[PDB]
Amino acid sequence: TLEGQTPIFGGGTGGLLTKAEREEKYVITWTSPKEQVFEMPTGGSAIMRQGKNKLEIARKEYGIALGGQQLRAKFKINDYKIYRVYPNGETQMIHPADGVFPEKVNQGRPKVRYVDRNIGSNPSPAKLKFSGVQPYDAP
Amino acid sequence: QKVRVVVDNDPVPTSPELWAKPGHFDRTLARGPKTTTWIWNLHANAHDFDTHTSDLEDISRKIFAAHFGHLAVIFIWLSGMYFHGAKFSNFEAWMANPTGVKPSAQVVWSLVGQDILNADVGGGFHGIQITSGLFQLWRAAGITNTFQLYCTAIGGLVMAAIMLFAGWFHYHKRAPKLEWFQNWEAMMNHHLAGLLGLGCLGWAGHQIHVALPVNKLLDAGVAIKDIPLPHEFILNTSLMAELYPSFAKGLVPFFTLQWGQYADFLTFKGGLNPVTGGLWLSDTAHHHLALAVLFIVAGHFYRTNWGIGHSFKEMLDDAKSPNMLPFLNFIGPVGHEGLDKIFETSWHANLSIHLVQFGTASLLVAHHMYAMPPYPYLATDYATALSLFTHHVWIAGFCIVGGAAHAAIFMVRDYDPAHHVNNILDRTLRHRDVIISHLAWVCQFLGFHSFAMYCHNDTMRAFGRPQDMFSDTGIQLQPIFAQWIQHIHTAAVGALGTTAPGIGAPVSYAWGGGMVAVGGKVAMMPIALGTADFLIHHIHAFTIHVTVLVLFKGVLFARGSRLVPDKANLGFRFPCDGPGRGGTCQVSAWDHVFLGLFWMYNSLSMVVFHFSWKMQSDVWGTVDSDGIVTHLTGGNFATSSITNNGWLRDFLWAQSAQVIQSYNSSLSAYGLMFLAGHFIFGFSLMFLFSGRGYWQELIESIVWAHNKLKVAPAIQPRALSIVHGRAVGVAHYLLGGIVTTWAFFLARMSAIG
Amino acid sequence: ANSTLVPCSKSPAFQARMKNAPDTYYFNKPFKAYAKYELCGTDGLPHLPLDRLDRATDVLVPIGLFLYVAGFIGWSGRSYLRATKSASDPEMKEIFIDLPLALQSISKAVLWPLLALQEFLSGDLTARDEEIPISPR
Amino acid sequence: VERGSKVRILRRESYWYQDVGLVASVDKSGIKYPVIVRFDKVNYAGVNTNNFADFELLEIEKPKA
Amino acid sequence: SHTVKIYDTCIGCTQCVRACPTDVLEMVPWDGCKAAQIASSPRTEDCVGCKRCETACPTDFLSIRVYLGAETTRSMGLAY
Amino acid sequence: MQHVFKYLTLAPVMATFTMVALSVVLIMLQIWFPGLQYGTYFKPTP
Ligand code: CLA
Ligand code: CLA
Ligand code: CLA
Ligand code: CLA
Ligand code: CLA
Ligand code: CLA
Ligand SMILES: CC1=C(/C=C/C(C)=C/C=C/C(C)=C/C=C/C=C(C)/C=C/C=C(C)/C=C/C2=C(C)CCCC2(C)C)C(C)(C)CCC1
Ligand SMILES: CC1=C(/C=C/C(C)=C/C=C/C(C)=C\C=C\C=C(C)\C=C\C=C(C)\C=C\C2=C(C)CCCC2(C)C)C(C)(C)CCC1
Ligand SMILES: CC1=C(C/C=C(\C)CCC[C@H](C)CCC[C@H](C)CCCC(C)C)C(=O)c2ccccc2C1=O
């Protein structure tokens, strides 16, 4: 289970919906040096507590916006993590993927979806007719 | 001690060097143009002062100086109307025969046949018939000759120069500190007692000493040359004694609280003057005098420097649970506490509120000026009466939209989540889904139960089943609550029994109590309400609620939504956040204002169409010797306005005969402007329907041709930005539609009014 | 020969318009000129035909006059633009008109038909196709 | 090409295709696009600098001196 | 889901990764540019298609491209 | 004063001066020679 104490919040209409309990859910956890006010991703103001915090969010973009634009840029908090929680209880940590922020180059990260040419060398779609491959996926 | 004056000396040198540096106010624009988008960005950000600098003190100084500049612009415009009414008008002829001469204060030159627009307005004068009501204003003020208008024109030009010098002085020489602008209590006290209160008192003095005696002689039939000049009524006290015997006793009754002896010139009659059809000037003198006392008293409400008075901060901080009413405690334990931070730092929030209340004021001006015509020979000047209502309805609609726009600007830019923790502003944002979903539902309910019922009427009429229509002769929808108010207000004056005994005549004849005719034309008569009025009022409720829905959704979601959670970082005005998430076009708060302008136009067009048709159908008309009234459209409204085929045929098609047949006549300019408005409306449709990607690619081919001939410009041509294209489309759409209605209204009413 | 067009001084519908016209500056002289010089249709209004060998100067004079003025404006702009290309900040000379340069361009544009012919003959009028930015095909 | 050289772009999808730029620097490493070219006209993104390979450039004018 | 591809014109300026609102991109070691790094898209399932990465890319033409494909719940940006 | 002269050479200022001057020339042509038409220019008044 994910451990942490939820920020002070009186409730709102921008919280979780049926999708959270049916398909998937996200949780962002972080640690703050003091009790202070931050803006909820879906409107309203909440108070993050002194120790370690835990916030339930409907979409992954909420955690990236909160952690990146508020926790890091404004509050200088860099230890935030984002988890994906499934209805069966399975929880996986997705941000940062390998403990290092994606914008910082890290050894061991493989190249994914890299095309070894410039964009202007993509083949014409007429050459790949009925072959099922897109010009950007062509070898 | 707390309230004091503190400024800087010479904070900005007065040099024209920056006149040669376009875009100097913006860091990006200061580098110079590289594409044509730079030119548009220069004008778009010219007056966005909070993006020129982050200093609130410097921003506030720009607001103060610029406001003097706008005041100078208004004074030049006011000087123009007085000068044109003193040099190129038939004002003197109109004063002699108000009911037989059409006001005219614009004369065109004769070069290309445009002199045909010099209409035969009477009084041996040829010119454009004006519909601004300037002549009726000036007559009510006691002005009788063109020399007085000429003097007022000179005074307006002098005031314009003084306003211009004040703006330069208070920005380049003595600029007040930020704390000077933050004196809410001092500003409220001075503007209540000193601006509204003293202005009402001063105008009451002018009405009592100048307007009342001059108009009393005018209504009695005395010629212009036999009426003494306004200063003679002040010097020769005996002249005022003859008209009003109470002036023979001087100021003694005022200082002894024996004000009842002043009842001869401070009247409380109600109704309208039978001679002119306007409100009694003695009634308005007591109205403005009572306003002056009430405003001056209100100007001692706030605590400035002597302990006495109320404080904005304490009052706001106390308005919270559990100090509220038992059923109003839902606003939470914080309540209005923290809202004082908004008014300390946010100019946009104040502009939002003030633009809303200017819309409210201008709407009250429109509604209260036709039902209670305040100027002599204004009600029977049908062209002016329609123009004044329509103009001030449109001004109010733009002001309301602007209030919503700058409310959204405050949310994006000035709103601070730390200042609003569980207060009413925070709580409102936290149930915005409750508010928007309920508003969306009531908009659907109003649309079905107002407009689709017109469609029900059209289908029934086409079927040959008038008994199944929503009408006075079919399924009736009587506006009983509005009918009840008309009866209550009529019985209040004696025409829930006599609740206002002091007023003799009905406050407004539109509610009942009788009819007033002036020059063989109806000034005001009871406006009966039936099924057609029930349907049209709920059309107004529908259109207003939808306009609220568009604007209030933009304000409540300006910071973000479930779709784009970080819209605040994107700004108030951005085109989109890409084609992702299914497509996020027009998510910004600016685009909600852009869409809200269309709905304000749709809402207000039906408002002025309702006024124009109903007044022509049931109020305006001519009265014969027997007292029988024949209306301009002969009572079409009750049976024709219940279907939109009737609106298309009996209102748009029928009443456009004047503007459509105005060629080869003095009204041909209205015919030309009628087509001009139609052109601009269709022209705007390509900006609204298309996108800049097509136009940029098309410009690429055109640029190639110029490159081929070595005539390509260094400032690279670019298609208008996505936001800019939307702004152009809405600006031309509203201009075309409004100009079309302007020509349609004025051409008809200058021929049959 | 077109027979439905007759001189305006002989078309009966034309004098009906002329006598009923207002007695102002806008109708006294112009109607006299229209009657003498214009051809009127059955409607009594002047019509402009392009099927007459005669009155060809009435067609060529307005056409040539416009083409000279339009070419004058175009050549003035083209020469001014080409003169600012050698500057360090050509964009700033397009929002700030360089008066000595504009007057020089305007003066030379008086003989624009001759200058355009000379540039076309020397190949200076147009840029080559491979030296012009183009999009991928 | 080298620093100060005047070149013509041959990259088809470049905004400056068949246009003219000025070489700012050449990288001596084995990177794919070592030549940096600056342009007077900005592209649609407001950028006036791009990296090109040698085969994508046609030298027009030699560097001064 | 959408498809995000990175071409060899990338200069490793890390701007596309910083602009992504759902953490689709990351920087990986590379030798084709001076920065010795190139953008990668290991998590395209979370890509919403906003094309913020394309806006931030300084190369001409773009070194990163988004091709909108099959829409899922998360690619449509649905909180419900 | 040199800054004022530079301001007077701005594109909007020069365009306004050119449009106003051109409008004046055309306006005065209508006053002096009203009713000019194709097939009538540069012909003596009858
Ligand atoms: C006496 C002449 C004079 C001179 C030389 C300057 C010079 C300057 N002013 Mg200034 N100003 C003046 C009068 C003058 N002002 C007056 C009378 C007012 C009161 C309205 C102001 C209000 C004012 C503000 C609020 C600000 C300046 C700023 C500036 C500086 C930037 C230049 C600029 O505005 O570029 C623009 C150059 C132009 C030629 C624009 C003119 C277009 C006008 C304004 C539009 C027409 C509206 C007009 C005022 C209506 C009345 C005119 C009437 C005849 C119709 C510059 C030092 C700004 C500053 O400090 O820089 C950051 C700034 O924020 N001034
Ligand atoms: C009794 C004092 C008094 C009066 C009458 C005003 C009047 C005004 N203030 Mg103001 N103000 C005051 C005190 C006063 N202020 C104080 C004490 C403060 C500091 C807290 C401010 C701070 C303030 C700000 C920050 C702003 C104003 C603005 C305005 C104008 C609002 C626009 C309007 O309604 O146009 C009214 C139109 C008129 C033509 C009214 C007449 C205007 C002149 C200047 C009044 C002169 C009256 C004077 C007694 C001479 C009378 C002579 C004779 C008739 C007896 C208006 C002219 C706004 C503005 O536009 O600034 C220019 C603005 O932004 N005021
Ligand atoms: C007291 C009135 C008032 C004041 C002081 C402001 C002040 C401001 N508004 Mg605002 N606004 C108002 C009323 C007001 N507004 C109203 C009534 C509306 C509703 C229509 C709006 C809608 C509005 C929007 C949508 C936006 C602003 C913005 C702004 C800011 C930048 C100003 C700007 O862009 O320059 C104006 C520059 C222009 C080039 C506009 C002139 C072009 C107009 C539309 C032409 C009008 C046509 C003409 C009247 C008739 C035809 C002319 C003929 C030649 C054909 C500034 C703080 C902008 C901002 O960023 O705010 C922070 C912004 O995006 N306002
Ligand atoms: C309740 C306010 C009120 C009302 C009803 C009137 C009514 C009248 N005035 Mg008057 N006036 C007022 C205030 C008012 N005045 C003030 C404050 C001043 C300046 C100090 C003047 C100065 C003035 C002059 C100089 C003249 C008039 C004239 C007139 C008459 C013409 C009709 C008219 O103006 O439209 C009626 C206007 C309305 C129905 C609404 C506008 C009134 C204000 C703007 C309402 C503001 C309320 C606002 C929306 C709510 C604020 C928010 C809230 C939280 C407080 C009429 C009898 C003319 C005349 O001669 O009469 C025959 C004339 O020449 N007035
Ligand atoms: C005449 C054209 C027209 C019509 C009918 C509508 C209709 C609607 N608009 Mg709309 N709109 C239009 C033009 C139109 N718009 C234009 C030109 C713009 C550009 C500015 C907009 C911009 C706009 C915005 C920005 C918003 C709307 C909203 C709405 C809805 C308001 C709620 C309502 O009235 O529900 C009742 C529905 C109607 C009155 C539609 C007519 C129904 C007919 C008469 C009866 C049908 C009978 C039966 C069901 C037929 C079924 C038979 C079967 C075989 C099909 C509604 C769906 C708002 C919304 O969604 O609020 C919830 C909203 O926010 N529109
Ligand atoms: C320097 C002046 C100039 C010159 C010589 C040309 C020349 C040309 N343009 Mg062009 N154009 C110009 C300015 C100019 N343009 C401007 C300012 C615009 C923006 C409105 C355009 C918009 C434009 C379009 C959209 C198209 C052309 C096309 C063409 C070509 C044939 C049609 C034609 O003559 O345009 C007709 C003229 C116009 C459409 C508008 C130009 C009128 C402007 C207002 C005159 C400006 C004069 C300038 C200010 C003089 C300043 C000089 C001074 C400093 C000394 C031809 C190569 C067409 C093409 O590609 O043909 C193959 C085409 O589709 N132009
Ligand atoms: C709405 C509007 C308008 C306007 C209107 C008007 C007309 C207004 C007015 C206003 C006014 C009309 C104001 C007034 C003011 C006043 C004042 C402010 C006064 C003051 C005074 C005083 C201060 C006095 C003093 C004294 C003396 C001098 C001596 C002895 C002592 C004593 C103290 C008594 C217009 C249309 C334009 C535009 C649109 C909007
Ligand atoms: C007889 C006649 C007629 C007809 C005519 C025709 C049919 C013609 C044709 C024509 C053509 C078939 C043409 C062509 C052309 C081509 C081209 C290719 C061109 C080019 C041009 C250019 C290149 C120009 C340039 C310039 C100049 C010179 C100046 C200004 C600037 C610019 C640069 C624009 C009509 C009936 C109408 C009328 C009467 C007479
Ligand atoms: C037509 C159109 C364009 C093309 C329009 C452009 C590029 C603006 C052109 C403005 C011109 C240059 C202003 C001057 C026009 C005057 C009529 C010129 C007067 C000339 C005198 C001699 C009379 C867009 O760029 C666009 C962008 C986004 C959505 C819709 C559209 C759109 O609809």
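Values reported hereafter were calculated over all heavy atoms of this structure, with side chains retained and with hydrogens, waters and symmetry mates removed. Note that ligands are numbered from 1 as they come in the structure, with each ligand's atoms numbered from 1 the same way. Order of the sequence lines sets the chain letters (A, B, ...), proteins ahead of strands, with each chain counted from 1.
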Short check: is a protein heavy atom less than 4.0 Å from [atom]?
atom                    : result
atom 31 (C) of ligand 7 : no
atom 3 (C) of ligand 7  : no
atom 25 (C) of ligand 7 : no
atom 33 (C) of ligand 4 : no
atom 15 (N) of ligand 4 : yes
atom 41 (C) of ligand 1 : no
atom 44 (C) of ligand 4 : yes
atom 51 (C) of ligand 1 : yes
atom 14 (C) of ligand 7 : yes
atom 20 (C) of ligand 7 : yes
atom 34 (C) of ligand 7 : no

What protein heavy atom lies closest to [atom]? Include the residue and the distance to one decimal.
atom                    : result
atom 56 (C) of ligand 1 : B/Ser15 O, 3.5 Å
atom 30 (C) of ligand 1 : B/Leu18 CD1, 4.2 Å
atom 22 (C) of ligand 7 : B/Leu198 CD1, 3.8 Å
atom 46 (C) of ligand 4 : B/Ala361 CB, 4.4 Å
atom 61 (O) of ligand 1 : B/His24 CE1, 3.7 Å
atom 58 (C) of ligand 4 : B/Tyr375 OH, 3.4 Å
atom 37 (C) of ligand 7 : B/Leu78 CD1, 4.0 Å
atom 38 (C) of ligand 7 : B/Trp77 CZ3, 4.4 Å
atom 11 (C) of ligand 7 : B/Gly199 CA, 4.9 Å
atom 60 (O) of ligand 1 : B/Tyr171 OH, 2.9 Å
atom 54 (C) of ligand 1 : B/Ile76 CD1, 4.1 Å
atom 13 (C) of ligand 1 : B/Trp168 CD1, 3.8 Å
atom 18 (C) of ligand 7 : B/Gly194 O, 3.3 Å
atom 37 (C) of ligand 1 : B/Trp19 CD1, 3.2 Å
atom 25 (C) of ligand 1 : B/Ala65 CB, 3.8 Å

Quiz item: Using a cut-off of 2.8 Å, how many protein N, O or S atoms lie below it in distance from atom 10 (Mg) of ligand 4?
Solution: 1
I'd like to check which ligand 4 atoms, numbered from 1 as shown, lie under 4.0 Å from a non-hydrogen atom of [X].
X        : value
B/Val365 : 37 (C), 38 (C), 40 (C), 41 (C)
B/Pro374 : 31 (C), 32 (C), 62 (C)
B/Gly199 : 20 (C)
B/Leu195 : 20 (C)

Pull out every atom of ligand 1 sitting under 4.0 Å from any heavy atom of [X], numbered as shown with elements.
X        : value
B/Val12  : 60 (O)
B/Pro13  : 57 (C)
F/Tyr7   : 39 (C)
B/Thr14  : 3 (C), 4 (C), 5 (C)
B/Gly167 : 18 (C), 19 (C)

Quiz item: How far apart are the C-alpha atoms of B/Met524 and B/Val619, what are their side-chain angles, what is the distance that settles it, and do they pass the side-chain contact (heavy atoms from CB on, under 4.5 Å) test?
Solution: CA-CA 7 Å; B/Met524 186 43 62; B/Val619 177; 4.2 Å; yes
With the threshold set at under 4.0 angstrom, would you say [X] reaches ligand 4 through any of its heavy atoms?
X        : value
B/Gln207 : yes
B/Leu137 : yes
B/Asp283 : no

Quiz item: Which of these, B/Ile208, B/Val214, B/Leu212, B/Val210, sits in a side-chain contact (heavy atoms from CB on, under 4.5 Å) with B/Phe233?
Solution: B/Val214
Quiz item: Where on B/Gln357 is there a heavy atom closer than 4.0 Å to ligand 4, on the side chain, on the backbone, on both, or on neither?
Solution: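 Both backbone and side chain of B/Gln357 come within 4.0 Å of ligand 4.
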Quiz item: Should B/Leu137 and B/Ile143 count as side-chain neighbours, where that means a heavy-atom distance under 4.5 Å?
Solution: no
Quiz prompt | Beyond-backbone contact of B/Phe181 with B/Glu57, side-chain heavy atoms, under 4.5 angstrom | solution = no
Quiz item: Between B/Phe147, B/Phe91, B/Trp138, which is the residue that forms a ring pair (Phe, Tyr, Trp, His ring centres under 6.0 Å) with B/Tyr82?
Solution: B/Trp138
Hey, what's the ring geometry for [X] with [Y], parallel, tilted or perpendicular (30° and 60° as the breaks)?
X        : Y        : answer
B/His170 : B/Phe68  : parallel
B/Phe389 : B/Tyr370 : perpendicular
B/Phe49  : B/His52  : perpendicular

Quiz prompt | B/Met163, B/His52, B/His172, B/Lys62: member with heavy atom nearest to atom 8 (C) of ligand 1 | solution =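 Heavy atom nearest to atom 8 (C) of ligand 1 belongs to B/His172.
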Exercise. Closest by any non-hydrogen atom to atom 49 (C) of ligand 1: pick that one out of F/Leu10, B/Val73, B/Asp58, B/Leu164.
Key: B/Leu164
Quiz item: B/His190 side chain to B/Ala186 main-chain N or O, any donor-acceptor pair under 3.5 Å?
Solution: yes
Practice problem: Would you confirm whether B/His288, through its side chain, and B/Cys200, through its main-chain N or O, come within 3.5 Å as a donor-acceptor pair? | Solution: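 It does not hold such a pair.
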Quiz prompt | Ring centres under 6.0 angstrom apart (B/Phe312, B/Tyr302) | solution = yes
Exercise. Could you tell me the separation between the OG1 atom of B/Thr53 and the CD1 atom of B/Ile59, rounded to the nearest 0.5 Å?
Key: 6.0 Å
Quiz item: Cation-pi between B/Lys216 and B/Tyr244: NZ/CZ under 6.0 Å from ring centre and within 45° of the ring axis?
Solution: yes
Quiz item: Is any side-chain N of the basic residue among B/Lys269 and B/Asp283 closer than 4.0 Å to the acidic one's carboxylate O?
Solution: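 Looking at B/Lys269 and B/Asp283, the cut-off is not met.
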Practice problem: Determine, for B/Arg174 against B/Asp8, whether the closest basic-nitrogen to carboxylate-oxygen distance falls under 4.0 angstrom. | Solution: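 No, B/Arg174 and B/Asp8 are not salt-bridged.
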Practice problem: Taking salt bridge (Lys or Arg N to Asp or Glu O under 4.0 Å) as the test, write out the residues that go with B/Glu17, two or more places apart. | Solution: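 Scan of B/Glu17 (salt bridge (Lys or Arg N to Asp or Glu O under 4.0 Å), adjacent residues dropped) gives none.
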